[PDB]
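To begin, one chain is listed below as structure tokens, in the form deposited in one PDB entry.
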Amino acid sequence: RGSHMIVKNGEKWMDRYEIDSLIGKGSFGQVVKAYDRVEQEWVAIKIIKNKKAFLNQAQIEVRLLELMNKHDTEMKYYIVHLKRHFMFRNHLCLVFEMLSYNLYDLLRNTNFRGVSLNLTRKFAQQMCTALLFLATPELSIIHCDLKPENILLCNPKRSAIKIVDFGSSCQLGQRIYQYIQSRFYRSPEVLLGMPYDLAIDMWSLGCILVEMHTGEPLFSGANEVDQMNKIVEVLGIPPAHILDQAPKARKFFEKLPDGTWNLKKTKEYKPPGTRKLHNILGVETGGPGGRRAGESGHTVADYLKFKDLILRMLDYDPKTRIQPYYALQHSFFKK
């Protein structure tokens, strides 16, 4: 009775999996920790709800994960490994390798004061390599839900990360879901109802990397109008050539007699472009809240390279927004 599978700690499925506990829940269903007796290892089992819409998303996730696993690059190891899938008690079950804390858990463990720029750079370098993998023409996968929660440590005392959850994903040119991206990480082009490509994931990554170092969301909107207003505080009014083509431009902006755009009033924001990323990152003032003052690996030069890469990932124009190959060549990553 209901969407969920009933799970009692202690049960053993198909005399292969011993169920230990429920790690977590989500929109899609349940994740349980279990021991795979034939592979001799812990696995995370994603149990999809018995409902057409969740079954359908999971069936795309299986196809995209099996497509990615076919590739013979080392870059594929930045994406969670789907061991197996099977039907059991009327639920699609996806058997994953067992990973560790998500990046949101990391932030919580720092009490939301942020991780070091040194660890930020290691996460950024791996995420740019994962996005470069996804942009493989034969893949051309848009994750569509990048957020700190969907990026997991492989092991709790190492820097190595992987991306999870391709439930909302599509391939270049597809339009499947009415709304896409988690609101804090949602690109201007999705807010504006414009066509979206792999650049929307680069937008999400920019936002994620700032949060990981400051401890707080860059753009914490409570609704789409609040989201776009918080973006404008930092980045200014979007270019006219974008707003002139945007189906939902008039949800956030008004075009003036001159042909200049500015913000609609809502019916309490800093003037456009005056909440500088330079001051959010504390480039010249000791990093976020001054907390990194003196500390090694937190110099003005380091911060300027970080700021400059983030602003290339947060370009309003998805045609000119930095692409994964060029992001990897950035001075921020030089040894």
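Rigid core here is just the name for the largest C-alpha set that superposes within 1.5 Å across the two forms. Throughout, we count residues from 1 along the sequence that is shown. Shifts are known only where both forms have a C-alpha.
Compared against other deposited entries of this protein, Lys267 counts as often unmodelled, lacking coordinates in at least a third of those that resolve the residues around it. Where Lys267 is followed by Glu268 in the displayed chain, the model omits 4 to 9 of the deposited residues that sit between the two. For the pair 5-13 and 317-325, the record assigns the higher mean C-alpha temperature factor to 5-13. In this entry, 106-114 has the higher mean Cα B-factor, the comparison being between 143-151 and 106-114. Within the listed group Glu39, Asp302, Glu284, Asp308, the record reports its top CA B-factor for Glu39.
Across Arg175, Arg121, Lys76, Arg183, the entry's maximum B-factor at the CA atom is seen for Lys76.
Among the modelled residues of its chain, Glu216 has a C-alpha B-factor that falls in the middle third according to the deposited record. When the CA B factors of the chain's modelled residues are split into thirds, the value for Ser168 lands in the middle one. The entry lists a Cα temperature factor for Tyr179 that places it in the highest third of the chain's modelled residues. The deposited CA B-factor of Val210 belongs to the lowest third of values across its chain. Split the chain's modelled residues into thirds by C-alpha temperature factor. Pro239 is in the middle one.
There is also a form deposited in another entry; it is not shown, and the following applies to it.
The one residue among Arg250, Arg175, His241, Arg158 whose Cα position changes by 2 Å or more between the shown form and the other one, with the core held fixed by superposition, is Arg175. For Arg84, a C-alpha deviation below 2 angstroms is recorded between the shown form and the other one after rigid-core alignment. The Cα shift for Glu74 between the shown form and the other one, taken after rigid core superposition, is 2 angstroms or larger. Here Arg291 does not count as shifted, since its C-alpha moves by less than 2 Å between the shown form and the other one after the core is aligned. Between this form and the other one, the CA-CA gap for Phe166 and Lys76 widens by 3 Å or more, being larger in that other deposited form.
The Cα-Cα distance between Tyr177 and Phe88 is lengthened by 3 Å or more in that other deposited form relative to the form shown here. Residues present in both forms were considered; between the shown form and the other one, the rigid-core fit shows Cα displacements of 2 Å or more across three or more consecutive positions at 51-53, 72-77, 174-178.
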